[PDB]
Amino acid sequence: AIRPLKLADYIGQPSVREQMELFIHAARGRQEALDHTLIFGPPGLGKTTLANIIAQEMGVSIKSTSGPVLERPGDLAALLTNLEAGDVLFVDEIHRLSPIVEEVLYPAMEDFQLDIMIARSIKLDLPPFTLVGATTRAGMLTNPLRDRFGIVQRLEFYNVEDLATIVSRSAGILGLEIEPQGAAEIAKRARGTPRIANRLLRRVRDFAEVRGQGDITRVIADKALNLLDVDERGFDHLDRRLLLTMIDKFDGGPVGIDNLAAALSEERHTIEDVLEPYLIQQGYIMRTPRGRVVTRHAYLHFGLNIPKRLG
Ligand SMILES: Nc1ncnc2c1ncn2[C@@H]1O[C@H](COP(=O)(O)OP(=O)(O)O)[C@@H](O)[C@H]1O
């Protein structure tokens, strides 16, 4: 209900919205498939949502898959051969395609031709289609794959004013009364993401209905977020454990990503793709050639003294 199904409802990414509206209206005007589109940025920013909007606005079907799911060239082939003219094939986590599966994608995208080995090479014609790929950052794709995308959109963390607009819109859809400052409190602590802002709104609604009067106020939002263990900066338990581990076990860094992951019992990709991007963006962590380091702001956040020493 609250997820935008069309570009008109896509708030907080004006450049992306304006560009996509233009490219889609142009492709439809020519009765052609939209050019292959790459969407990148952090998780929860609406990559899957945008992919679905593309299919919706184009008036076509969307087939969704993921880089890890396509273990063999034939798995990709099966999807490609099942598309109708103009359909969207959405491949989330596209940077995790195995090098050999990625090879099949090159002619499928560029020439609408399937070229697969079975030994014998088989060449088959494909109907026009749109590949929508998503990854956390564009630089982690090869140059050949990257260069086959005709449209490239970059999603960035949302500013707090736009997140508040999104929270207020969602509250309206849910029939909830919300004060401006209530929407602001949630937006402030939503970690720059509409996914999180919307989830937090649902949990705040619960608190309002059970412990309050049913409406969303700044005080109700604050108490509810405190119960959820989400702090004033939008940091959750894992975010704080990451920063505190860097401070306590590694003296603030520098610490290599593998050492940090092992110290947290978390995988590398989790720290790099899920935890770190917002923390770096907000100025709490910095990457250096010798490893990640916390900034003085990490110490200040926890009421700790800033150490003064040499590097
Ligand atoms: N521009 C936007 N405006 C309002 N809500 C959004 C926007 N982008 C995403 N959302 C919301 O955030 C959620 C996350 O979208 P999703 O496509 O799953 O992100 P990703 O695929 O990047 O992890 C969606 O369920 C949707 O409700």
# chains A, B, ... in the order shown; residues from 1 in each chain; ligands from 1

call {"tool": "residues_near_ligand", "arguments": {"ligand": "ligand 1", "cutoff": "7 Å", "atoms": "only C-alpha atoms and all ligand atoms", "output": "PyMOL selection string"}}
result
chain A and resi 2-4+9-13+42-50+166+193-195+198

call {"tool": "residues_around", "arguments": {"residues": "stretch 19-34 of chain A", "least_positions_apart": "5", "cutoff": "6 Å", "atoms": "only C-alpha atoms", "output": "NGL selection string"}}
result
:A and (86 or 129-130)

call {"tool": "atom_distance", "arguments": {"atom1": "atom CA of residue A:113", "atom2": "atom CA of residue A:51"}}
result
22.8 Å

call {"tool": "select_by_dssp", "arguments": {"residues": "stretch 116-145 of chain A", "states": "strand (DSSP E or B)", "output": "PyMOL selection string"}}
result
chain A and resi 116-117+121-125+130-135

call {"tool": "residues_around", "arguments": {"residues": "residue A:186", "least_positions_apart": "6", "cutoff": "9 Å", "atoms": "only C-alpha atoms", "output": "PyMOL selection string"}}
result
chain A and resi 163-164+167+197-198+200-201+204+218+221-222+225+234
